[PDB]
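Q: My structure is stored as upload_16.txt, with compact mmCIF, C-alpha atoms and all ligand atoms.
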```
# COMPACT_ATOMS: atom_id res chain seq x y z
CA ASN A 1 128.33 82.97 74.70
CA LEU A 2 129.49 81.28 77.94
CA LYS A 3 126.67 82.90 79.99
CA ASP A 4 124.11 81.93 77.33
CA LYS A 5 125.63 78.41 77.05
CA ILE A 6 125.02 77.92 80.78
CA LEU A 7 121.45 79.25 80.45
CA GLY A 8 120.80 76.87 77.57
CA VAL A 9 122.34 73.80 79.21
CA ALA A 10 120.68 74.67 82.52
CA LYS A 11 117.32 74.86 80.73
CA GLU A 12 117.76 71.37 79.14
CA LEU A 13 118.79 69.88 82.48
CA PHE A 14 115.91 71.56 84.31
CA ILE A 15 113.60 70.20 81.55
CA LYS A 16 115.19 66.76 81.73
CA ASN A 17 115.50 66.25 85.52
CA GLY A 18 113.62 69.16 87.10
CA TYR A 19 114.88 71.88 89.39
CA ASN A 20 115.81 69.94 92.54
CA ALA A 21 117.67 66.98 91.01
CA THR A 22 119.82 69.25 88.80
CA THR A 23 123.16 70.30 90.36
CA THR A 24 125.44 73.22 89.47
CA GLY A 25 128.11 70.52 88.82
CA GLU A 26 126.03 69.11 85.97
CA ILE A 27 125.28 72.52 84.47
CA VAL A 28 128.99 73.38 84.77
CA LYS A 29 130.41 70.18 83.22
CA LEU A 30 127.97 70.18 80.27
CA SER A 31 128.52 73.91 79.74
CA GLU A 32 132.29 73.32 79.97
CA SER A 33 132.69 75.99 82.67
CA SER A 34 133.18 76.10 86.44
CA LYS A 35 131.14 76.65 89.59
CA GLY A 36 133.29 79.78 90.19
CA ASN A 37 132.04 81.19 86.89
CA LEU A 38 128.43 80.11 87.52
CA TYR A 39 128.61 81.89 90.87
CA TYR A 40 130.05 84.92 89.06
CA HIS A 41 127.23 85.27 86.47
CA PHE A 42 124.21 84.21 88.61
CA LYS A 43 125.39 83.72 92.26
CA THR A 44 123.01 80.82 92.91
CA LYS A 45 121.16 78.01 91.12
CA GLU A 46 117.95 79.77 92.20
CA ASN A 47 118.94 82.94 90.37
CA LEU A 48 120.04 81.08 87.22
CA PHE A 49 116.50 79.62 87.16
CA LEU A 50 114.81 83.03 87.61
CA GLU A 51 116.88 84.31 84.66
CA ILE A 52 115.61 81.39 82.54
CA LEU A 53 112.05 82.12 83.69
CA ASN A 54 112.48 85.79 82.69
CA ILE A 55 113.64 84.82 79.20
CA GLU A 56 110.70 82.33 79.01
CA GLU A 57 108.12 84.83 80.25
CA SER A 58 109.23 87.37 77.62
CA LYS A 59 108.61 84.69 74.97
CA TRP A 60 105.14 84.01 76.49
CA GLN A 61 104.28 87.72 76.27
CA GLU A 62 105.31 87.94 72.62
CA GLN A 63 103.18 84.85 71.94
CA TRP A 64 100.14 86.42 73.66
CA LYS A 65 100.81 89.67 71.76
CA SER A 66 100.11 87.87 68.47
CA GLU A 67 97.75 85.13 69.66
CA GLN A 68 95.33 87.78 71.08
CA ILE A 69 94.72 89.48 67.71
CA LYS A 70 92.61 86.43 66.75
CA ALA A 71 90.04 87.49 69.45
CA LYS A 72 87.86 90.44 68.54
CA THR A 73 86.45 91.41 71.97
CA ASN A 74 87.99 91.59 75.46
CA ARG A 75 85.40 89.08 76.70
CA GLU A 76 86.86 86.71 74.06
CA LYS A 77 90.43 87.56 75.03
CA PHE A 78 89.68 86.51 78.68
CA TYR A 79 88.28 83.18 77.57
CA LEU A 80 91.28 82.68 75.26
CA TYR A 81 93.98 83.75 77.73
CA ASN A 82 92.69 81.37 80.39
CA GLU A 83 92.46 78.50 77.94
CA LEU A 84 95.96 79.28 76.70
CA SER A 85 97.40 79.30 80.22
CA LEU A 86 95.84 75.89 80.79
CA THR A 87 96.96 74.24 77.55
CA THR A 88 100.46 75.76 77.59
CA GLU A 89 101.13 74.61 81.16
CA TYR A 90 99.89 71.12 80.22
CA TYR A 91 102.83 70.53 77.88
CA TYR A 92 105.38 73.16 78.98
CA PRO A 93 108.61 71.19 79.55
CA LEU A 94 109.82 73.48 82.34
CA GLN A 95 106.47 73.26 84.20
CA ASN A 96 107.70 70.68 86.67
CA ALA A 97 110.95 72.56 87.40
CA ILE A 98 108.76 75.64 88.02
CA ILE A 99 106.55 73.75 90.50
CA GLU A 100 109.56 72.39 92.42
CA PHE A 101 111.21 75.78 92.50
CA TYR A 102 108.09 77.63 93.69
CA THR A 103 107.09 75.02 96.28
CA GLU A 104 110.51 75.47 97.90
CA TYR A 105 111.18 79.24 97.60
CA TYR A 106 107.66 80.74 98.03
CA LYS A 107 108.36 81.52 101.73
CA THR A 108 111.91 82.72 100.95
CA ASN A 109 111.64 86.55 100.85
CA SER A 110 114.58 87.45 98.58
CA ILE A 111 113.56 84.98 95.84
CA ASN A 112 109.78 85.20 96.38
CA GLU A 113 109.85 88.97 95.68
CA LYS A 114 111.40 88.29 92.24
CA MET A 115 108.77 85.57 91.66
CA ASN A 116 106.08 88.17 92.39
CA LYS A 117 107.52 90.47 89.69
CA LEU A 118 107.20 87.64 87.15
CA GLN A 119 103.68 86.78 88.34
CA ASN A 120 102.66 90.45 88.05
CA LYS A 121 103.16 90.43 84.31
CA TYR A 122 100.34 87.86 84.17
CA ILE A 123 98.15 90.07 86.30
CA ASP A 124 99.07 92.90 83.85
CA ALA A 125 97.59 90.93 80.93
CA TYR A 126 94.30 90.66 82.83
CA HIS A 127 94.50 94.37 83.64
CA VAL A 128 94.67 95.24 79.95
CA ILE A 129 91.75 92.98 79.08
CA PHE A 130 89.59 94.37 81.90
CA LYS A 131 90.57 98.03 81.49
CA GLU A 132 90.16 97.88 77.73
CA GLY A 133 86.81 96.10 78.20
CA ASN A 134 85.58 98.93 80.48
CA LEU A 135 86.52 101.37 77.71
CA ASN A 136 84.33 99.52 75.15
CA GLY A 137 81.26 98.86 77.30
CA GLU A 138 81.67 95.08 77.68
CA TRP A 139 81.42 95.38 81.48
CA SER A 140 81.86 97.92 84.27
CA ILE A 141 84.53 97.10 86.87
CA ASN A 142 85.52 99.58 89.60
CA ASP A 143 88.61 97.82 90.96
CA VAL A 144 90.50 96.42 87.99
CA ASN A 145 93.60 95.83 90.14
CA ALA A 146 91.69 93.56 92.52
CA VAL A 147 89.72 91.72 89.82
CA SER A 148 92.84 91.10 87.71
CA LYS A 149 94.62 89.48 90.72
CA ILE A 150 91.51 87.47 91.57
CA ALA A 151 91.27 86.19 87.96
CA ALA A 152 95.03 85.52 87.80
CA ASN A 153 94.97 83.48 91.05
CA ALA A 154 91.68 81.70 90.38
CA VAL A 155 92.60 80.70 86.79
CA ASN A 156 95.96 79.30 87.90
CA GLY A 157 94.43 77.45 90.82
CA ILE A 158 92.22 75.62 88.37
CA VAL A 159 95.25 74.90 86.19
CA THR A 160 97.60 73.76 88.95
CA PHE A 161 95.29 71.92 91.37
CA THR A 162 93.14 70.12 88.83
CA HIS A 163 93.89 66.40 88.91
CA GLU A 164 90.52 65.77 87.24
CA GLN A 165 92.53 64.79 84.14
CA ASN A 166 91.54 64.34 80.49
CA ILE A 167 92.53 67.56 78.74
CA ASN A 168 89.09 67.91 77.02
CA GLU A 169 87.36 68.01 80.40
CA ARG A 170 89.91 70.47 81.80
CA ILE A 171 89.22 72.81 78.89
CA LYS A 172 85.44 72.61 79.51
CA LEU A 173 85.84 73.42 83.23
CA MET A 174 88.09 76.39 82.45
CA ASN A 175 85.50 77.73 79.96
CA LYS A 176 82.73 77.20 82.52
CA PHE A 177 84.84 79.19 85.02
CA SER A 178 85.34 82.01 82.51
CA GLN A 179 81.60 82.16 81.86
CA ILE A 180 80.65 82.20 85.57
CA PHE A 181 83.37 84.70 86.38
CA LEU A 182 82.45 87.18 83.66
CA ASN A 183 78.76 86.68 84.39
CA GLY A 184 79.46 87.72 87.97
CA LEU A 185 80.88 91.05 86.78
CA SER A 186 77.65 92.09 84.97
CA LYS B 1 105.99 59.46 116.56
CA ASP B 2 104.20 62.82 117.14
CA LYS B 3 107.63 64.54 117.23
CA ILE B 4 108.29 63.07 113.77
CA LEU B 5 104.82 64.14 112.61
CA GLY B 6 105.19 67.70 113.88
CA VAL B 7 108.61 68.52 112.42
CA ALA B 8 107.77 66.77 109.13
CA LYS B 9 104.52 68.78 108.70
CA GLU B 10 106.46 71.98 109.38
CA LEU B 11 109.48 71.22 107.23
CA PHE B 12 107.12 70.20 104.39
CA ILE B 13 105.20 73.49 104.69
CA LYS B 14 108.47 75.48 104.75
CA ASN B 15 110.68 73.65 102.17
CA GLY B 16 108.22 71.41 100.30
CA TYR B 17 108.38 67.64 99.88
CA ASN B 18 111.70 67.25 97.97
CA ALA B 19 113.78 69.75 99.95
CA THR B 20 112.72 67.99 103.18
CA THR B 21 114.99 65.04 103.96
CA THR B 22 114.35 62.15 106.40
CA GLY B 23 117.74 62.73 108.07
CA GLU B 24 116.66 66.30 108.83
CA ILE B 25 113.33 65.06 110.26
CA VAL B 26 115.11 62.57 112.55
CA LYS B 27 117.73 65.26 113.35
CA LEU B 28 115.05 67.77 114.43
CA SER B 29 112.70 65.15 116.00
CA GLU B 30 115.52 63.54 118.02
CA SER B 31 114.90 60.09 116.52
CA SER B 32 116.65 57.48 114.34
CA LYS B 33 116.29 56.50 110.67
CA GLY B 34 115.15 53.12 112.07
CA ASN B 35 112.51 54.67 114.38
CA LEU B 36 110.83 56.51 111.45
CA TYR B 37 110.92 53.10 109.80
CA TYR B 38 108.34 50.92 111.61
CA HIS B 39 106.21 53.94 112.54
CA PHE B 40 106.05 55.19 108.93
CA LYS B 41 108.36 52.91 106.84
CA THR B 42 108.96 55.48 104.05
CA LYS B 43 109.13 59.25 103.62
CA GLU B 44 106.06 59.25 101.40
CA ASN B 45 103.93 57.14 103.77
CA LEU B 46 104.68 59.62 106.56
CA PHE B 47 103.59 62.45 104.20
CA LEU B 48 100.42 60.62 103.20
CA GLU B 49 99.57 60.00 106.88
CA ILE B 50 100.10 63.71 107.63
CA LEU B 51 97.70 64.49 104.77
CA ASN B 52 95.03 62.12 106.04
CA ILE B 53 95.23 63.76 109.48
CA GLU B 54 95.23 67.25 107.94
CA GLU B 55 92.11 66.48 105.99
CA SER B 56 90.48 65.00 109.11
CA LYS B 57 91.28 68.10 111.14
CA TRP B 58 90.16 70.48 108.36
CA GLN B 59 86.88 68.54 108.17
CA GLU B 60 86.37 68.68 111.98
CA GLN B 61 86.98 72.40 111.83
CA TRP B 62 84.42 72.99 109.04
CA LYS B 63 81.71 70.72 110.54
CA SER B 64 81.94 72.92 113.65
CA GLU B 65 82.33 76.20 111.77
CA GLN B 66 79.60 75.83 109.09
CA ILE B 67 76.77 76.09 111.67
CA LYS B 68 77.54 79.80 112.08
CA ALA B 69 76.43 80.35 108.46
CA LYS B 70 72.70 79.93 108.03
CA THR B 71 72.32 80.04 104.21
CA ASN B 72 74.50 78.06 101.80
CA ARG B 73 75.46 81.34 100.13
CA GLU B 74 76.87 82.35 103.53
CA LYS B 75 78.51 78.94 104.04
CA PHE B 76 80.41 79.53 100.73
CA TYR B 77 81.74 82.95 101.79
CA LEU B 78 82.82 81.57 105.18
CA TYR B 79 84.41 78.34 103.96
CA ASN B 80 86.57 80.34 101.53
CA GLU B 81 87.58 82.88 104.17
CA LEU B 82 88.49 80.09 106.57
CA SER B 83 90.71 78.49 103.95
CA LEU B 84 92.93 81.57 104.25
CA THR B 85 93.15 81.30 108.07
CA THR B 86 93.07 77.59 108.85
CA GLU B 87 96.27 75.90 109.92
CA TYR B 88 94.98 72.68 108.33
CA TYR B 89 95.60 71.25 104.84
CA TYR B 90 95.78 74.46 102.83
CA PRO B 91 99.33 75.36 104.17
CA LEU B 92 100.56 72.05 102.71
CA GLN B 93 99.27 72.61 99.13
CA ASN B 94 102.60 73.40 97.54
CA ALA B 95 104.02 70.23 99.10
CA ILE B 96 100.95 68.25 97.95
CA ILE B 97 101.36 69.52 94.38
CA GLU B 98 105.10 68.82 94.38
CA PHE B 99 104.40 65.30 95.69
CA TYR B 100 101.62 64.78 93.13
CA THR B 101 103.92 65.76 90.24
CA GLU B 102 106.17 62.79 91.07
CA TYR B 103 104.12 59.86 92.37
CA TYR B 104 101.19 60.32 89.92
CA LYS B 105 102.39 57.23 88.04
CA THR B 106 102.53 55.11 91.24
CA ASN B 107 98.83 54.15 91.26
CA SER B 108 99.21 52.62 94.75
CA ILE B 109 99.27 56.11 96.33
CA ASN B 110 97.63 58.04 93.46
CA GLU B 111 94.32 56.34 94.36
CA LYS B 112 94.70 57.37 98.04
CA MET B 113 95.21 61.03 97.02
CA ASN B 114 92.16 60.92 94.76
CA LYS B 115 90.12 59.96 97.84
CA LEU B 116 91.73 62.89 99.70
CA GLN B 117 90.89 65.37 96.92
CA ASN B 118 87.31 64.04 96.68
CA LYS B 119 86.74 65.06 100.33
CA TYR B 120 88.30 68.50 99.74
CA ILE B 121 85.83 68.90 96.83
CA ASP B 122 82.71 67.43 98.51
CA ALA B 123 82.27 70.37 100.91
CA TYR B 124 81.50 72.62 97.91
CA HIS B 125 79.23 69.87 96.54
CA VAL B 126 77.13 69.88 99.72
CA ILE B 127 77.04 73.66 99.79
CA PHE B 128 75.97 73.87 96.11
CA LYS B 129 73.57 70.90 96.22
CA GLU B 130 71.84 72.18 99.39
CA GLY B 131 71.70 75.69 97.89
CA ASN B 132 69.83 74.05 94.98
CA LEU B 133 67.39 72.39 97.41
CA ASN B 134 66.90 75.70 99.32
CA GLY B 135 66.33 77.77 96.17
CA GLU B 136 69.44 79.97 96.45
CA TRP B 137 70.54 79.27 92.85
CA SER B 138 70.19 76.65 90.07
CA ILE B 139 73.22 74.51 89.22
CA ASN B 140 72.74 71.72 86.70
CA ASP B 141 76.30 70.39 87.12
CA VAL B 142 77.26 70.73 90.79
CA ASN B 143 80.25 68.38 90.33
CA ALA B 144 81.88 70.74 87.80
CA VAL B 145 81.08 73.94 89.76
CA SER B 146 82.39 72.39 93.01
CA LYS B 147 85.63 71.47 91.23
CA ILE B 148 85.98 74.94 89.72
CA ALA B 149 85.30 76.63 93.10
CA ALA B 150 87.59 74.36 95.10
CA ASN B 151 90.54 74.89 92.76
CA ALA B 152 89.89 78.57 92.17
CA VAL B 153 89.80 79.23 95.92
CA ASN B 154 92.88 77.11 96.49
CA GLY B 155 94.70 79.26 93.95
CA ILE B 156 93.70 82.49 95.68
CA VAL B 157 94.91 80.98 98.97
CA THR B 158 98.11 79.41 97.69
CA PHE B 159 99.31 82.20 95.37
CA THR B 160 98.78 85.14 97.76
CA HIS B 161 100.70 83.92 100.90
CA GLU B 162 102.84 87.08 100.61
CA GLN B 163 100.21 89.50 101.91
CA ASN B 164 98.45 91.22 104.78
CA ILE B 165 95.75 88.83 106.04
CA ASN B 166 92.89 91.35 105.96
CA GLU B 167 93.70 92.18 102.34
CA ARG B 168 93.65 88.48 101.42
CA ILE B 169 90.20 88.19 103.04
CA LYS B 170 89.07 91.21 100.99
CA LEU B 171 90.38 89.61 97.78
CA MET B 172 88.59 86.35 98.67
CA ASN B 173 85.22 87.89 99.55
CA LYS B 174 85.18 89.71 96.24
CA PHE B 175 85.92 86.46 94.40
CA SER B 176 83.16 84.81 96.45
CA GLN B 177 80.77 87.57 95.49
CA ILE B 178 81.66 87.50 91.77
CA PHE B 179 81.41 83.72 91.60
CA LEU B 180 77.99 83.36 93.26
CA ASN B 181 76.69 86.34 91.23
CA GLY B 182 77.81 84.42 88.12
CA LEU B 183 75.59 81.46 89.00
CA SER B 184 72.67 83.92 88.66
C1 LIG C 201 104.17 78.50 81.27
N1 LIG C 201 102.99 79.15 81.81
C2 LIG C 201 101.97 79.61 80.87
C3 LIG C 201 102.82 79.34 83.16
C4 LIG C 201 103.78 78.91 84.09
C5 LIG C 201 103.58 79.10 85.46
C6 LIG C 201 102.44 79.75 85.93
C7 LIG C 201 102.19 79.96 87.41
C8 LIG C 201 101.52 81.21 87.97
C9 LIG C 201 100.52 81.11 88.93
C10 LIG C 201 99.94 82.26 89.46
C11 LIG C 201 100.37 83.53 89.05
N2 LIG C 201 99.82 84.67 89.56
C12 LIG C 201 98.75 84.59 90.54
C13 LIG C 201 100.26 85.99 89.13
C14 LIG C 201 101.39 83.62 88.11
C15 LIG C 201 101.97 82.47 87.59
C16 LIG C 201 102.63 78.88 88.37
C17 LIG C 201 102.06 77.61 88.37
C18 LIG C 201 102.51 76.65 89.28
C19 LIG C 201 103.53 76.95 90.18
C20 LIG C 201 104.11 78.22 90.17
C21 LIG C 201 103.66 79.18 89.27
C22 LIG C 201 101.48 80.16 85.00
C23 LIG C 201 101.68 79.97 83.64
```
Just give me the structure of the file as structure tokens.
A:
Amino acid sequence: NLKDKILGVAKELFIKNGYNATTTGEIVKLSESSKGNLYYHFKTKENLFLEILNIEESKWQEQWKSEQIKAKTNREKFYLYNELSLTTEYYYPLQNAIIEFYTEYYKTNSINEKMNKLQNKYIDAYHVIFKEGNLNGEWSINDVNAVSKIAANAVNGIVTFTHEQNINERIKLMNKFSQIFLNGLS
Amino acid sequence: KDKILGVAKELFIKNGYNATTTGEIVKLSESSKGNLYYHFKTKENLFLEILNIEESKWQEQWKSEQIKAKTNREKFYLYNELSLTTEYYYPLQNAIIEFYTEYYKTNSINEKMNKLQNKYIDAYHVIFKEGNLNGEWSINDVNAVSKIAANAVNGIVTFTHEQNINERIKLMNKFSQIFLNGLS
């Protein structure tokens, strides 16, 4: 498919050279298409990227769907999910493209609203854990909406802003966070 | 010089590091490519100088603001709330992270940004150490907790820019509550 070929080539280029450095010209020549056609299917480079992110996020959800069954309780799922977010983002080849993209279009309303919709599927994973945990007596949380967003934003701050490298140490700090956080809810 | 510093800081906040070009700085600061050179030499040296000043200002602000909080528990709530409102340092985080995910190899400037992040972390260290001394909680690894708090708060600040300010303060106070209640 010529739309899927552009998505695939765009992905490789965004992996290889990041979001900023990659031009529509490159995507177009390696896809064997034209800017006119790229514009047709995705309007902008920004929107091509969001489409890739949406396909990637769907794959992340399916991975969590099966990876979570190895965790009996919702307390364990919260530990696991946070650890998984950390370790996945440590090697994820699009991670740098994602950082460049976000750090440029986070104040841009029309794109930043679509970013929010992607981010809210992460908050939704926390909502399930926390709701379902209420239902089984693991904790008692009144505002699951608020706590899910807090957890989502806190966990990803630790992931993104930690320059205290060594992956072993990063995993320990994330587990310490998860302990303190869940202890605070009891 | 200060015209270059002002427009840079603002373009960096708005577009990030990469998307901000020197030509645009000198276009909007009414200067030359050769005037930015001499004052700052390179684009990244300008940025790093902005960061040093931003951290200075943030630190002035907190030194003056922390007196209003008597207990270290209260200093932690306030510090975190202020991080949402301050004009200093925190508005540049996306730019800082973008810059870090490029010149992390270049150990000449990497080392200078480690010293900047150590300051950003040491405020929590003081809070948590002093809270230990004043019996507000027991923390056996303050260095780890300070790092977790700093980065967790930064994430709540940085990833919620899209919201009503009072709501963001409500989200942050809850976090603050949960976190300190998790130390007990
Ligand atoms: C590949 N992978 C596992 C991930 C990839 C990206 C994210 C992110 C994120 C941060 C906060 C969010 N919130 C607060 C909803 C949502 C996403 C994210 C990290 C840095 C820059 C922009 C977004 C997380 C996981």
Q: Throw together the list of residues within 6 Å of ligand LIG 201 (chain C), counting all atoms listed in the file, and drop it here as a list in words.
A: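 Written in the requested form, the residues are residues 85, 88, 89, 92, 98, 99, 102, 119, 120, 122, 123, 152, 153, 156 and 160 of chain A; 159 of chain B.
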Q: For residue B:177, find every residue with an atom within 8 Å (counting all atoms listed in the file), except residues of its own chain fewer than 3 positions away, and show them as a ChimeraX atom specification.
A: /A:184 /B:77,173-174,180-181
Q: Once you count all atoms listed in the file, which residues of chain A turn out to be within 9 Å of chain B? Could you give them as an MDAnalysis selection string?
A: chainID A and resid 20 96 99:100 102:109 112:113 116 146:147 149:164 173:174 176:177 179:186
Q: Which value, in Å to one decimal, gives the distance between atom CA of residue A:133 and atom CA of residue A:75?
A: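 Rounded to one decimal, the two atoms are 7.3 Å apart.
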Q: Can you pull out the residues contacting residue A:167? Cut-off 9 Å, using all atoms listed in the file, and skip same-chain residues under 5 positions away; I want them as a list in words.
A: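 Using all atoms listed in the file, the neighbours found are residues 87, 90 and 172 of chain A.
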Q: Give me, please, the distance in Å between atom CA of residue B:5 and atom CA of residue B:24, quoted to one decimal.
A: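 Going from atom CA of residue B:5 over to atom CA of residue B:24, I get 12.6 Å.
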Q: Using only C-alpha atoms, pick whichever of A:124, A:6, A:94, A:76 has the shortest atom-to-atom distance to residue A:40.
A: A:6
Q: Give me the residues near stretch 123-133 of chain B as a list in words, where near means some atom within 8 Å (using only C-alpha atoms) and where sequence neighbours in that chain fewer than 2 positions away do not count.
A: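 Using only C-alpha atoms, the neighbours found are residues 71, 72, 73, 75, 76, 119, 120, 121, 135, 136, 137, 138, 139, 142, 143, 146, 147, 149 and 150 of chain B.
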Q: Taking into account all atoms listed in the file, which residue in the set A:97, A:80, A:71, A:55 is nearest to residue A:22?
A: A:97
